[PDB]
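Novice: Got a file for you: final08.cif, mmCIF, N, CA and C atoms and all ligand atoms.
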data_start
#
loop_
_atom_site.group_PDB
_atom_site.id
_atom_site.type_symbol
_atom_site.label_atom_id
_atom_site.label_comp_id
_atom_site.auth_asym_id
_atom_site.auth_seq_id
_atom_site.Cartn_x
_atom_site.Cartn_y
_atom_site.Cartn_z
ATOM 1 N N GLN J 1 -57.247 -79.947 -148.865
ATOM 2 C CA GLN J 1 -55.779 -80.163 -148.722
ATOM 3 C C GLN J 1 -55.028 -78.976 -149.331
ATOM 4 N N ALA J 2 -53.727 -78.982 -149.253
ATOM 5 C CA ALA J 2 -52.941 -77.856 -149.831
ATOM 6 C C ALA J 2 -52.603 -78.169 -151.289
ATOM 7 N N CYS J 3 -52.150 -77.190 -152.022
ATOM 8 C CA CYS J 3 -51.806 -77.418 -153.446
ATOM 9 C C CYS J 3 -50.458 -78.152 -153.532
ATOM 10 N N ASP J 4 -50.142 -78.713 -154.668
ATOM 11 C CA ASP J 4 -48.861 -79.468 -154.801
ATOM 12 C C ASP J 4 -47.692 -78.643 -154.253
ATOM 13 N N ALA J 5 -47.718 -77.359 -154.448
ATOM 14 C CA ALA J 5 -46.608 -76.503 -153.937
ATOM 15 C C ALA J 5 -46.615 -76.509 -152.409
ATOM 16 N N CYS J 6 -47.714 -76.139 -151.816
ATOM 17 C CA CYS J 6 -47.797 -76.117 -150.333
ATOM 18 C C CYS J 6 -47.762 -77.546 -149.794
ATOM 19 N N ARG J 7 -47.799 -78.522 -150.657
ATOM 20 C CA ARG J 7 -47.763 -79.931 -150.178
ATOM 21 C C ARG J 7 -46.307 -80.367 -150.026
ATOM 22 N N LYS J 8 -45.431 -79.818 -150.821
ATOM 23 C CA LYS J 8 -43.993 -80.190 -150.719
ATOM 24 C C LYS J 8 -43.334 -79.335 -149.636
ATOM 25 N N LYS J 9 -43.760 -78.109 -149.503
ATOM 26 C CA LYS J 9 -43.168 -77.219 -148.466
ATOM 27 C C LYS J 9 -44.089 -77.182 -147.244
ATOM 28 N N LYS J 10 -45.332 -77.546 -147.417
ATOM 29 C CA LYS J 10 -46.284 -77.539 -146.270
ATOM 30 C C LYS J 10 -46.562 -76.102 -145.828
ATOM 31 N N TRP J 11 -47.046 -75.274 -146.716
ATOM 32 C CA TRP J 11 -47.344 -73.864 -146.326
ATOM 33 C C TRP J 11 -48.843 -73.617 -146.420
ATOM 34 N N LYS J 12 -49.606 -74.667 -146.427
ATOM 35 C CA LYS J 12 -51.088 -74.527 -146.519
ATOM 36 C C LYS J 12 -51.453 -73.745 -147.786
ATOM 37 N N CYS J 13 -52.547 -74.074 -148.414
ATOM 38 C CA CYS J 13 -52.932 -73.337 -149.650
ATOM 39 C C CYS J 13 -54.396 -72.893 -149.559
ATOM 40 N N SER J 14 -54.794 -71.967 -150.389
ATOM 41 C CA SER J 14 -56.202 -71.484 -150.367
ATOM 42 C C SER J 14 -57.008 -72.284 -151.385
ATOM 43 N N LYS J 15 -56.330 -72.974 -152.259
ATOM 44 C CA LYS J 15 -57.031 -73.802 -153.272
ATOM 45 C C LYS J 15 -57.631 -72.899 -154.348
ATOM 46 N N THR J 16 -56.805 -72.122 -154.995
ATOM 47 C CA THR J 16 -57.304 -71.215 -156.065
ATOM 48 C C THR J 16 -56.400 -71.346 -157.293
ATOM 49 N N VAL J 17 -56.955 -71.220 -158.466
ATOM 50 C CA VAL J 17 -56.126 -71.342 -159.702
ATOM 51 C C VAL J 17 -56.004 -69.969 -160.369
ATOM 52 N N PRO J 18 -55.133 -69.881 -161.342
ATOM 53 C CA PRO J 18 -54.294 -71.016 -161.785
ATOM 54 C C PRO J 18 -53.230 -71.344 -160.733
ATOM 55 N N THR J 19 -52.527 -70.352 -160.269
ATOM 56 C CA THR J 19 -51.461 -70.596 -159.254
ATOM 57 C C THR J 19 -51.899 -70.051 -157.895
ATOM 58 N N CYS J 20 -51.735 -70.826 -156.858
ATOM 59 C CA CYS J 20 -52.126 -70.348 -155.504
ATOM 60 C C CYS J 20 -51.283 -69.121 -155.155
ATOM 61 N N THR J 21 -51.754 -68.297 -154.265
ATOM 62 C CA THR J 21 -50.984 -67.075 -153.897
ATOM 63 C C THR J 21 -49.548 -67.444 -153.503
ATOM 64 N N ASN J 22 -49.331 -68.636 -153.015
ATOM 65 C CA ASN J 22 -47.946 -69.023 -152.604
ATOM 66 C C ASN J 22 -47.078 -69.308 -153.838
ATOM 67 N N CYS J 23 -47.665 -69.788 -154.898
ATOM 68 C CA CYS J 23 -46.869 -70.092 -156.120
ATOM 69 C C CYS J 23 -46.627 -68.804 -156.906
ATOM 70 N N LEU J 24 -47.602 -67.940 -156.969
ATOM 71 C CA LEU J 24 -47.403 -66.666 -157.714
ATOM 72 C C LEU J 24 -46.397 -65.809 -156.946
ATOM 73 N N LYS J 25 -46.232 -66.079 -155.680
ATOM 74 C CA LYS J 25 -45.262 -65.299 -154.868
ATOM 75 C C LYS J 25 -43.852 -65.805 -155.158
ATOM 76 N N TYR J 26 -43.607 -67.060 -154.907
ATOM 77 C CA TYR J 26 -42.255 -67.625 -155.176
ATOM 78 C C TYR J 26 -42.166 -68.063 -156.639
ATOM 79 N N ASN J 27 -43.156 -67.749 -157.427
ATOM 80 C CA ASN J 27 -43.120 -68.148 -158.862
ATOM 81 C C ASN J 27 -42.735 -69.624 -158.970
ATOM 82 N N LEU J 28 -43.679 -70.509 -158.799
ATOM 83 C CA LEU J 28 -43.363 -71.963 -158.892
ATOM 84 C C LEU J 28 -44.449 -72.669 -159.705
ATOM 85 N N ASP J 29 -44.206 -73.890 -160.099
ATOM 86 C CA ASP J 29 -45.223 -74.632 -160.895
ATOM 87 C C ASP J 29 -46.365 -75.077 -159.977
ATOM 88 N N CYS J 30 -47.442 -74.340 -159.953
ATOM 89 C CA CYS J 30 -48.585 -74.720 -159.081
ATOM 90 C C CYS J 30 -49.399 -75.825 -159.754
ATOM 91 N N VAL J 31 -49.431 -76.990 -159.170
ATOM 92 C CA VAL J 31 -50.209 -78.107 -159.773
ATOM 93 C C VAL J 31 -51.148 -78.697 -158.720
ATOM 94 N N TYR J 32 -52.112 -79.471 -159.136
ATOM 95 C CA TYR J 32 -53.058 -80.074 -158.155
ATOM 96 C C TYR J 32 -53.206 -81.568 -158.443
ATOM 97 N N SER J 33 -53.674 -82.324 -157.487
ATOM 98 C CA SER J 33 -53.841 -83.787 -157.708
ATOM 99 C C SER J 33 -54.814 -84.353 -156.672
HETATM 100 CD CD CD P 1 -50.482 -73.435 -152.510
HETATM 101 CD CD CD P 2 -49.372 -73.725 -155.955
#
Render the structure in this file as structure tokens.

Specialist:
Amino acid sequence: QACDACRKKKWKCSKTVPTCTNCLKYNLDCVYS
């Protein structure tokens, strides 16, 4: 599945920590669940 960030915006995620490339880009709280 996508990370919490790509889950609210739906931008698909690569599933990598700490922050997915999408969170380190827009600088957001990357969380998982
Ligand atoms: Cd993501
Ligand atoms: Cd994220």

Novice: Written as a PyMOL selection string, what is the full residue list that the PyMOL selection byres (((not hetatm)) within 7 of (chain P and resi 2)) yields on the file shown?

Specialist: chain J and resi 3-6+18-24+28-31

Novice: My list of candidates is J:27, J:17, J:12, J:33. Which is closest to ligand CD 1 (chain P) when distances are computed with all atoms listed in the file?

Specialist: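 The shortest atom-to-atom distance to ligand CD 1 (chain P) comes from J:12.
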
Novice: Suppose you want the space between atom N of residue 32 (chain J) and atom C of residue 2 (chain J); what is it in Å?

Specialist: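 Separation between atom N of residue 32 (chain J) and atom C of residue 2 (chain J): 8.0 Å.
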
Novice: Can you list, as a VMD selection string, all residues belonging to chain J that DSSP tags as alpha helix (DSSP H)?

Specialist: chain J and resid 4 to 9 21 to 26

Novice: From the options J:8, J:26, J:13, J:1, which residue's atoms come nearest to ligand CD 1 (chain P), counting only C-alpha atoms and all ligand atoms?

Specialist: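 When distances to ligand CD 1 (chain P) are compared using only C-alpha atoms and all ligand atoms, the smallest one comes from J:13.
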